[PDB]
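Residue numbers (the authors' numbering), protein chains in the order written: chain A, 6 to 313; chain C, 6 to 313; chain B, 6 to 314; chain B', 6 to 314; chain C', 6 to 313; chain A', 6 to 313. A prime marks a further copy of an entry chain.
C-beta atoms are modelled at their ideal positions from N, C-alpha and C, and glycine is treated no differently.
Have a look at the structure below before the remarks.
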Ligand code: HEM
Ligand code: HEM
Ligand code: HEM
Ligand code: HEM
Ligand SMILES: [Cl-]
Ligand SMILES: [Cl-]
Ligand SMILES: [Cl-]
Ligand SMILES: [Cl-]
Ligand SMILES: [Cl-]
Ligand SMILES: [Cl-]
Ligand SMILES: [Mn+2]
Ligand SMILES: [Mn+2]
Ligand SMILES: [Mn+2]
Ligand SMILES: [Mn+2]
Ligand SMILES: [Mn+2]
Ligand SMILES: [Mn+2]
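The structure is reproduced here in structure tokens:
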């Protein structure tokens with residue numbers, strides 16, 4: 006899908022930019038934001054066409070509250086604000102955001118320039134409340150040192166997992182996305198042996214092979230994030246996480262971003278991670294990772310976005 | 006996508022070859038021509054398969070007159086010779102062409118070699134009347150210094166704009182292509198300021214951003230080439246323009262090529278450009294650009310081309 | 006089709022790995038094999054996701070005999086062992102194989118690592134009986150010096166040629182694949198002039214242009230592998246042959262692998278090549294190429310493979 | 006110069022990292038710093054060798070004050086703190102820094118990982134006071150939209166411009182580097198027409214062609230940064246500026262970094278830019294660019310750096 | 006190596022531009038020409054710096070006659086006009102040229118743009134008399150189908166063969182370059198068998214292996230272009246030939262360009278080729294190739310070029 | 006150093022080929038081998054020139070015995086056969102080899118083709134006794150999972166470490182190389198924890214960081230292979246090791262190849278590894294790696310090779 010907005014199914018990229026904004030209260034602010042997001046193909050092409058490979062993509066997400074301001078009388082089935090989670094040891098906050106721009110390209114300059122044109126076009130109508138410049142780290146790893154994304158669904162599976170279908174026909178082709186900015190405690194993480202780390206994640210570290218059933222702990226990240234319904238059907242989400250950080254501020258992060266046709270799947274993963282399954286048996290990744298943000302967005306299809 | 010002829014929807018390439026030929030009057034000439042074009046998959050693969058990436062593509066177009074020699078009692082709805090235009094200041098001529106080969110690849114040698122094999126196979130049955138070796142110029146620019154092709158429809162929009170559909174079902178998947186070889190007056194263009202050049206085109210020069218609605222002249226290239234019908238529906242074409250040139254002959258060119266499911270769209274753009282809207286309010290691009298050729302071809306689907 | 010098993014339609018790659026294995030006789034062995042092949046997407050991603058381009062692919066084939074052990078009451082319409090052929094001077098032997106892994110990637114390490122993980126997961130439940138590390142050779146040439154793959158069908162034609170459709174709906178999207186490891190007699194081939202080599206193949210050597218009708222021999226590789234039925238309809242196969250060899254053993258080979266929605270097409274090509282058309286007018290490529298293996302496998306669709314056992 | 010520290014002459018890269026740190030006051034702190042910088046080839050290889058192209062490089066600079074703590078009785082001829090400048094409306098401040106790491110690579114992860122390992126090895130012995138992640142912007146442009154670096158000297162001229170030679174033999178192959186982090190006023194710059202911007206810089210914008218003599222303003226960036234001595238000899242510096250920024254903070258910057266065998270050249274350029282020539286005829290780039298830092302460092306040769314302590 | 010003019014030793018490139026110009030008779034013309042060529046580093050960097058890889062190079066050559074206008078009382082030892090040759094069957098003409106720009110890059114646009122800027126800077130002071138856009142053809146082949154440039158000296162050998170040394174110390178680091186634009190008779194060449202073609206060249210065609218000593222004809226291109234002196238010392242030249250062509254004009258060409266520290270080597274090769282060794286035993290390449298131009302230039306070192 | 010034989014200092018490559026041969030006993034065999042190796046630039050260019058990047062290199066090594074047959078009266082200072090080592094637990098055999106070809110390129114086909122032409126040109130005059138097709142494994146790792154080559158000397162250090170200098174002036178520019186084909190016990194290796202493995206090697210596994218002094222065991226691979234003279238000067242070697250293997254034969258290998266201007270440095274490393282320092286404290290890498298071959302070759306400079 007070349008230089009088309011709302012391309013949820015794009016493969017991983019070398020660079021990304023995650024912009025979360027809050028819209029101003031006026032109707033003028035509302036109208037500027039609407040103009041910009043609905044014509045987002047304009048700047049996407051203005052920047053993206055300059056690269057022969059045409060790698061640049063831009064997914065626009067709209068928060069529950071803001072959606073109500075621009076489409077009061079027509080709403081996707083599962084749009085609501087992000088549900089805060091308060092677990093026995095760790096919590097996932099719900100933090101502000103009216104707009105998400107999830108931008109990816111083969112090159113940092115293309116991300117940066119697209120962001121520059123979007124922010125400039127929004128002017129005073131919106132404020133950036135979170136900004137993360139994601140980068141690929143070695144062979145698709147996160148800063149914990151593990152290959153991150155391995156089990157993503159691909160092709161038809163990706164589309165079945167992430168894209169709204171017959172269950173909500175007026176919003177077919179759309180999706181729901183959750184973001185969380187995580188910061189890691191690297192020194193604590195490095196006190197663990199590699200084997201302890203593998204038991205936390207659920208895969209071997211260098212080789213990125215899922216641990217055997219009989220060595221797979223019940224609170225591993227993989228176990229807690231495997232969602233199987235009563236008919237034995239697995240329900241997957243599409244993740245585009247990227248590393249980020251700042252060396253001077255000792256910040257080493259993983260920007261989580263996950264797409265699903267029904268956000269309850271993602272929400273259940275989060276509940277199982279933060280509260281545990283069974284309750285108390287929580288994800289030991291959270292012993293080394295703290296979420297600074299937590300926001301849910303509806304991702305309209307191109308058609309719906311273009312007519313807002 | 007790989008190594009199939011009539012692939013109208015291919016993204017922009019580093020190199021291009023445009024060959025326009027006239028066929029011989031005789032029945033033997035018609036027969037050779039018909040053999041070469043209906044078996045064009047042969048040379049396409051003979052050349053294209055030698056490159057791992059398989060970037061080589063070849064679109065064959067057939068003029069109205071030659072189409073009648075070769076497919077007498079079956080014709081696409083809108084196939085007719087290129088309509089010449091005689092405007093208040095500038096004119097677009099209608100020049101000969103029975104065959105078009107629009108060849109693209111990541112490399113020049115691939116273009117040249119495919120060209121060489123097509124020209125050799127045709128032998129005395131056909132004569133090259135126009136030959137242009139197109140090249141990508143910096144970040145997708147034309148020799149006027151502007152990013153050229155930015156607003157092209159992509160994905161579904163590209164297929165809806167370029168490819169014949171339900172409306173003419175015997176020729177579904179075909180297209181109509183117009184070419185015009187433009188020569189620029191570089192020294193005249195260079196006497197304009199960047200800002201005046203921007204007013205002529207409709208977009209900022211370095212940054213490739215569409216001028217604000219309030220700043221957009223009504224005779225800008227962008228305005229005159231925007232086609233909106235009575236119902237408020239926009240109609241687009243798919244362009245694959247490339248730069249070409251000769252330093253010794255001081256020739257600096259843009260080779261225009263545009264595909265549409267209905268040439269009425271392309272032709273209306275050309276009228277607005279050359280005649281003006283309102284009349285005499287013509288495209289100031291034409292003050293620095295002169296069309297040396299002008300030819301319309303029908304682009305059969307792969308299936309229709311192969312049975313001929 | 007990014008990192009999905011059974012991607013029969015993937016374009017040519019720089020590196021490939023062909024693994025042919027025989028499964029152990031026990032119920033335990035069969036169960037381990039079933040587990041590995043129906044979970045093949047696991048190692049595929051474990052390895053493939055580490056490369057940004059996601060070039061890695063893996064096609065699993067299952068032999069007729071093994072298929073009956075693991076899906077006794079549901080079988081694609083044309084699954085049978087490779088049919089051997091014997092001409093007077095050249096033969097196409099039928100050699101063992103229950104499992105095929107046809108692995109492709111932009112890089113050798115990716116093919117090797119995926120092979121390593123698969124072999125490791127199978128452990129004592131299967132034995133490697135053939136292993137070939139294929140490599141792209143110049144501009145898509147085989148070791149005879151000819152561009153090899155030129156006329157492969159692409160896109161819709163590739164899908165129409167290779168994949169089971171309405172004729173056998175329970176296995177739609179599957180395919181039948183035949184492999185033959187050919188070893189070349191390089192010094193005999195080198196005694197021919199270029200023009201003689203071109204008459205053997207049916208295309209010019211450097212330029213890879215098909216010889217025109219009047220110049221195309223009735224026993225050229227191209228002529229005998231052209232299949233036009235009574236109704237005048239052409240039937241194609243999808244090939245992904247690669248060069249392989251060992252300098253010290255003097256082995257210079259072409260690993261033939263051809264996919265078809267119905268192996269009758271591939272089998273008729275082989276009959277024409279080895280037995281000739283008219284009878285005895287065989288394919289002279291076989292004067293310089295000797296098949297050391299010959300095996301047929303059913304390639305199930307993803308859904309069918311994942312459901313196994 | 007593959008994976009060797011102090012490679013001042015490396016060509017432009019897609020990504021860079023500029024780290025400026027202040028060393029702790031203790032003997033322990035100094036010793037840890039000494040250990041890390043004189044062993045810098047260790048982390049350089051640990052990270053860089055993982056990339057086949059070996060694009061990663063790392064130049065270590067040491068401030069005048071820190072230098073005296075760790076090599077009290079041997080000092081290059083021109084090592085002194087950055088000399089601040091104050092014009093009537095624009096100033097070049099002198100800001101803290103004992104250590105510079107100027108890291109470049111084809112990829113961001115390589116710069117980041119090397120920075121991570123260096124910061125980690127220094128631990129509490131040094132503090133990061135400036136950190137900039139530079140990136141190539143289109144066709145070698147800065148965020149003002151101009152090609153930035155065009156006239157850099159190359160090969161022998163680069164070596165002649167940047168590296169200490171016979172004038173100071175104990176430090177042959179070293180250099181002096183100045184950094185300034187500039188932030189731009191983008192909306193003010195955008196109020197200029199292209200032609201006005203070109204008169205500010207001294208070259209055409211899209212085409213990056215130097216304005217001819219009759220059209221070149223006496224206060225253009227190019228004119229004021231052209232240094233021709235009394236004898237008519239030109240003196241150049243080697244620059245490796247990169248774009249950087251933050252959209253939410255509205256920070257759009259150029260990180261200036263310039264190497265010279267004698268910082269007098271760079272210092273005279275800065276005087277001309279900030280104070281003007283003739284006096285008051287300053288560089289109008291400064292109307293749109295404000296320096297937030299200003300620091301000078303000695304870049305020792307490999308041999309000198311490795312020998313430290 | 007990067008972006009410095011007069012880089013004779015650069016490896017082969019994907020694209021090339023050969024510009025040969027004659028200068029105006031006047032003193033103003035001489036002055037402009039002298040300004041452009043002595044400041045050629047300017048345009049080289051203006052263009053070349055825009056490409057991260059910095060592949061762009063430009064070698065300036067000056068003909069004997071123009072050199073005398075511009076450096077009257079100081080001349081390299083072997084600078085004289087191209088010596089025409091009149092052999093038993095084939096002839097090599099001596100055509101005009103004051104200036105040569107031999108431009109190479111990984112991309113055509115870089116070549117074209119540098120060319121455009123040089124031609125513009127020269128304005129009316131000089132006229133393009135020959136222009137050739139060279140391109141790499143498959144695996145380093147010429148349009149005769151043979152790998153072209155195989156035996157080129159590399160590294161120290163390339164410097165010893167091409168660059169003026171101790172023997173003429175005022176011009177150290179300079180070179181002498183000969184160009185000839187050859188046009189092929191493709192249909193005649195194609196009537197030879199591969200084996201006969203191999204006998205003509207001196208090497209196997211696909212495999213690019215030198216024929217066995219016993220199988221190597223004495224009139225092969227390889228034999229006639231091997232120069233061994235009395236002492237048994239071989240003398241080599243550095244060639245940078247490129248294919249060029251026009252399909253409509255049926256022009257298939259090899260642009261020959263050869264650098265030597267002493268043109269006596271190149272000239273002897275040309276005599277052996279055109280006159281034969283023994284006399285009349287000439288290069289059978291010349292039966293399928295006709296030289297349309299022939300010009301000799303001195304290539305000053307960077308230092309000598311810049312003070313002029 | 007482009008397409009030049011005996012390029013010892015080339016950086017790591019994606020592919021390599023290691024060919025070890027024994028020459029036949031006749032004087033005819035001796036003469037054929039001499040012809041081939043001394044003209045090795047012929048096939049190097051015949052194959053290498055076909056790749057634009059020109060990555061192909063070929064280093065020829067000559068064994069002690071064979072050298073005596075072709076240069077009986079002139080010998081480099083340290084040429085002798087490989088010294089077998091018999092340690093408390095492991096041994097390094099000395100195995101046959103008259104010729105080494107160490108071939109590297111960006112592509113397997115270039116290695117293979119060069120090898121093909123060499124073996125063909127040697128015909129019956131020599132027999133291949135060992136053949137290994139090396140490949141790059143992920144981010145420069147060996148099959149033990151560790152980055153392999155990290156501490157290689159580079160630039161001036163590489164030349165000082167590997168190339169014969171003033172100490173043996175008649176062979177300046179040459180080198181000495183040792184090869185050992187190692188096969189690993191992967192199952193035994195994988196019983197170790199990552200931390201145990203790191204203590205065996207002397208560096209962290211994923212991060213490839215040398216262990217601290219106080220955690221660096223005295224029998225680690227790194228400790229045993231660090232060679233410091235009595236003046237505190239370290240003596241380094243240049244290694245080009247590559248992974249190889251065969252999945253059907255359960256072969257997972259590391260082909261060791263190491264260059265030094267004085268092979269005593271390499272030999273001392275081997276003694277310390279196999280016998281231990283102090284005696285008995287041997288390299289625990291050898292508990293998981295067995296050397297199947299062991300051969301020493303002299304690497305002549307280009308000049309010396311070309312005049313054999
Ligand atoms: C001298 C020849 C021409 C030049 C140099 C030229 C240049 C450009 C440029 C720079 C743009 C803006 C970027 C973009 O592609 O969106 C553009 C847009 C366009 N041009 Fe042209 N053009 C030429 C001829 C033509 C002709 C002959 C037609 C129609 C028959 C045409 C149709 C268009 C259209 C439809 C657009 C998109 C406008 C929009 O919807 O925003 N152009 N052209
Ligand atoms: C020694 C092993 C073989 C070699 C070296 C070889 C080589 C080639 C070459 C050079 C071509 C022409 C370029 C192309 O279109 O691919 C070709 C075509 C072909 N080969 Fe093979 N081949 C081999 C074995 C086989 C076998 C066993 C089959 C069938 C079972 C086969 C089926 C084909 C087909 C169908 C074509 C396409 C012919 C056409 O429709 O134009 N080949 N082969
Ligand atoms: C806001 C920060 C700056 C920006 C945006 C900037 C931009 C540029 C640009 C666009 C050029 C022309 C292309 C080129 O040759 O590089 C240039 C040239 C140059 N700049 Fe800067 N510059 C900055 C700061 C500095 C500083 C602080 C110095 C000196 C200390 C400097 C020294 C130079 C030099 C020496 C040249 C080469 C001029 C010539 O010889 O033609 N620049 N700069
Ligand atoms: C029609 C124009 C020409 C063509 C098509 C052509 C083609 C070739 C070919 C295919 C080779 C063998 C591969 C290699 O480069 O080593 C070659 C070699 C060579 N050519 Fe040319 N050539 C042409 C004109 C010239 C001219 C005019 C000269 C000298 C003035 C020349 C000098 C050489 C030399 C010195 C060699 C290397 C021979 C050796 O030492 O092995 N060529 N040429
Ligand atoms: Cl960004
Ligand atoms: Cl072309
Ligand atoms: Cl493999
Ligand atoms: Cl960084
Ligand atoms: Cl050009
Ligand atoms: Cl190999
Ligand atoms: Mn799972
Ligand atoms: Mn529009
Ligand atoms: Mn056919
Ligand atoms: Mn200047
Ligand atoms: Mn020779
Ligand atoms: Mn060490």
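Could you check how far apart the C-beta atoms of residue 7 of chain A' and residue 174 of chain C' are, in whole angstroms? I think they sit under 8 Å.
-> In the sixth chain, residue 7 of chain A' corresponds to position 2, counting from 1. In the fifth chain, residue 174 of chain C' corresponds to position 169, counting from 1. Not a contact, Cβ separation roughly 27 Å.
Interface partners of residue 55 of chain B on chain A, CB under 7 Å | Mapped onto the third chain, residue 55 of chain B falls at position 50. Within 7 Å of the CB of residue 55 of chain B, the CB atoms of chain A belong to 144, 145, 152 and 213, in sequence order along the chain.
Would you mind working out which of C'/108, C'/130 and C'/168 sits nearest residue 140 of chain C', comparing C-alpha positions?
-> The residue you call residue 140 of chain C' lines up with position 135 of the fifth chain. Across the set C'/108, C'/130 and C'/168, the C-alpha of C'/108 shows the shortest separation from the C-alpha of residue 140 of chain C'.
Counting only the same chain and skipping the five closest in sequence on each side, list residues whose C-beta sits under 8 Å from that of residue 193 of chain B'.
-> Position 188 of the fourth chain, counted from the start, is the residue given in the question as residue 193 of chain B'. Here the set comprises 292 and 293.
Among the residues of its own chain, which have a CB less than 6 Å from the CB of residue 44 of chain B, if the five just before and after it don't count?
-> For this step, residue 44 of chain B is matched to residue 39 along the third chain. If we look at residue 44 of chain B and ignore the five residues flanking it on each side, it has no Cβ neighbours.
Could you give the uninterrupted runs of the alpha helix (DSSP H) lying entirely in the stretch 16–102 of chain C', keeping only those of 4 residues or more?
-> Entirely contained in the stretch 16–102 of chain C', the alpha helix (DSSP H) runs reaching 4 residues are, in chain order, 32–43, 46–53 and 69–75.
From residue 221 of chain B to residue 207 of chain B, what distance separates their C-alpha atoms?
-> As a position in the third chain, residue 221 of chain B is number 216, starting the count at 1. As a position in the third chain, residue 207 of chain B is number 202, starting the count at 1. Between residue 221 of chain B and residue 207 of chain B, the C-alpha separation is close to 6 Å.
Residue span of the beta strand (DSSP E) that contains residue 301 of chain C, given as start and end | For this step, residue 301 of chain C is matched to residue 296 along the second chain. From DSSP, the beta strand (DSSP E) with residue 301 of chain C extends over 300–304.
Determine the closest residue to residue 238 of chain C' out of C'/162, C'/303 and C'/295, with distance taken between C-alpha atoms.
-> Reading the fifth chain from its first residue, position 233 is the one you call residue 238 of chain C'. Minimum Cα-Cα distance from residue 238 of chain C' among the listed residues C'/162, C'/303 and C'/295 corresponds to C'/162.
9 Å Cβ cutoff, residue 155 of chain B' in contact with chain C | As a first step, residue 155 of chain B' is located in the fourth chain; it is residue number 150 there, counting from the start. Answer no: the Cβ-Cβ gap between residue 155 of chain B' and chain C never drops below 9 Å.
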